[PDB]
Each structure stands twice: as structure tokens, then as C-alpha cells.
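Quick note: full-length UniProt numbering has the sequence shown finishing at residue 108, numbered continuously throughout.
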Amino acid sequence: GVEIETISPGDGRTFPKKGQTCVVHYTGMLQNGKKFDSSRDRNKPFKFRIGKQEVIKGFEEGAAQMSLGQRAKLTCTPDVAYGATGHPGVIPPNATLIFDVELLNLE
């Protein structure tokens, strides 16, 4: 399940589509936990495309449910990214994921 909680400003019409490479300032956070990843720290805002199953499932649906300039708040279930598996040493199995996502993209 992907549940959108948008900090207001943006346009609300420029939606990401197929074959489009989009630029995202993500910020990882564990529920009742600390950080685990940050695009803000590496200063390389993670250019990636849509439709190749590159990213996890909950982050994939949340990008299409945003527009340019918007700032949503993603809440990923365990079963869409790592809940049965657990990312080794970084994310335990059966974990709930929190993200602050801004969409400042091209294409």
C-alpha cells in the first residue's frame, strides 16, 4: 500500500510516465528508528527511470502519484520491499518504511 501525504507546493499536473527518467530527492527513515539512506548527503539526486523494476515496489507507485515540485510522504508496507527478506545488515525482515520524497525531475 502506498499512502500519499503531500506537503502542498508544486503543480499537480506533470505526472511521470513510461520511458521517463526522473530525479528524486529521497530521504530514508525507519519507523521508530533512525536514518538508513539519504540522497541529500551524497549530493547526487539519484537519476532513475520508470518501468524497469529498478526501485522497490512502494517507491515505484509513489512517484507516479506525485507531480513536479511536490513533496509527499511515503509509507511502505513490509511485503512490497523487504519484509520477508530484509536487506542484509541494513534493513531487518518485516520492516515498515518511511520516506520524504520531492519530485524535481525532467523528461
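Don't be surprised by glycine CBs; every beta carbon is placed ideally from N, CA and C.
_Those residues which DSSP pairs with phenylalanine 47 across a bridge_ = DSSP output for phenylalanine 47 lists no bridge partner at all.
Legend entry - Member of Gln32, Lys19, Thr22 and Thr15 whose CA lies at the smallest distance from the CA of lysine 74: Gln32
Could you give the C-beta distance for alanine 96 and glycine 84, rounded to a whole number, given that I count them as a contact under 8 Å?
-> 6 Å
Proximity to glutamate 103 [Cα-Cα], best of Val56, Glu55 and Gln71 = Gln71
N- and C-terminal bounds of the alpha helix (DSSP H) containing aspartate 80:
79 to 82
For this session: Report yes or no: do the segment 27 to 43 and the segment 2 to 11 share at least 3 C-beta pairs separated by less than 8 Å?
Result: no
| task | With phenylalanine 60 as the anchor, note down where its alpha helix (DSSP H) starts and where it stops. | result | 58 to 65
Q.
My assumption, with CB atoms under 8 Å, is that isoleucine 99 sits in contact with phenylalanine 37. Please give the rounded CB distance.
A. Not confirmed; about 10 Å, so no contact.
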